[PDB]
Amino acid sequence: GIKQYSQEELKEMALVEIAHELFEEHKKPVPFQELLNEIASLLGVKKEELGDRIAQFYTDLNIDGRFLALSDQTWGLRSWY
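Structure determination for this PDB entry is given in the record as solution NMR.

The chain appears in the PDB entry as DNA-directed RNA polymerase subunit delta from Bacillus subtilis subsp. subtilis. The record for the entry shows the title "Solution structure of the delta subunit of RNA polymerase from Bacillus subtilis".

Right, dumping it as structure tokens:
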């Protein structure tokens, strides 16, 4: 439930929430670098937008309460196990 959104529409989506949906989309744990790639290209914007948001993504992702850091920075959802 994250692809049907438009560019500006995705822009105003909460960054950790985008990632949450990204994980239910993939159903696979995804490394930190790769999940950002997935997000940025899903949006009709440059990655650099989400670059400001990369820094803040460290902050926001580490204060979330549903995420899971699996192996080295492979994120996902603990709601699978």
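**Describing the packing of helix 3 (residues 32-42) against helix 4 (residues 49-61)**
Orientation of helix 3 relative to helix 4, taken along the N-to-C sense of each, is 130 degrees, at an axis distance of 12 Å. Overall, the two elements helix 3 and helix 4 adopt an arrangement that is oblique. When you trace helix 3 past helix 4, the crossing you get is right-handed. When helix 3 is examined against helix 4, the residues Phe32, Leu35, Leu36, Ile39 and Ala40 are found in contact with a partner set consisting of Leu50, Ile54, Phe57, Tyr58 and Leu61.

**What to know about unusual backbone geometry**
Positive phi is not limited to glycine here, since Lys27 has a value of about 60 degrees. Along the chain, the position of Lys27 falls in the loop between helix 2 (15-26) and strand 1 (30-31). Judged by relative accessible area, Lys27 falls into the exposed class, the value being 54%.

**Comments concerning the pairing of strand 3 (residues 74-77)**
Of the two faces of strand 3, the one lined by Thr74 and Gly76 and the one lined by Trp75 and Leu77 are each fully buried. Where strand 1 and strand 3 come together, two bridges link them in antiparallel fashion. Considered in strand 3, the bridge of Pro31 is made with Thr74. A loop of four residues connects strand 2 (residues 67-69) with strand 3, the two strands running antiparallel in sequence.

**Considering the environment of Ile18**
Tracing the chain through its elements places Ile18 in helix 2. Along the backbone, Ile18 and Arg78 are 60 residues apart, and their C-alpha atoms lie at a distance of 16 Å. Ignoring sequence-local partners within four residues, the contact set of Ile18 consists of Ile2, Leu10, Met13 and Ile39.

**Examining the pattern of salt bridges**
Scanning the model with the defined rule gives six salt bridges in all. In this structure, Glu25 engages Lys3 in a salt bridge whose closest nitrogen and oxygen atoms are separated by 2.6 Å. Residue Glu25 is located in helix 2, and its partner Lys3 is located in the segment before helix 1 (7-11); the two are separated by 22 residues in the primary sequence. Several salt bridges converge on common partners, so that one network encompasses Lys11, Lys46 and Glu49.

Analysis parameters
- Residues numbered from 1 in each chain as written, not as in the entry; some residues may be left out.
- Heavy atoms only, no water.
- Axes fitted to C-alpha atoms, helices over the stretch in contact; angles between N-to-C directions.
- Helix = DSSP H or I, 4+ residues; strand = E, 2+ residues; numbered from the N terminus.
- Parallel < 35°, antiparallel > 145°, perpendicular 65-115°, else oblique.
- Left-handed = near helix turned anticlockwise from the far one by under 90°.
- Contact = heavy atoms within 4.5 Å.
- Buried < 20%, exposed > 50% of the residue type's maximum accessible area, 1.4 Å probe, protein only.
- Pairing = 2+ DSSP bridges.
- Salt bridge = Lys/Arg side-chain N within 4 Å of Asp/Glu carboxyl O.

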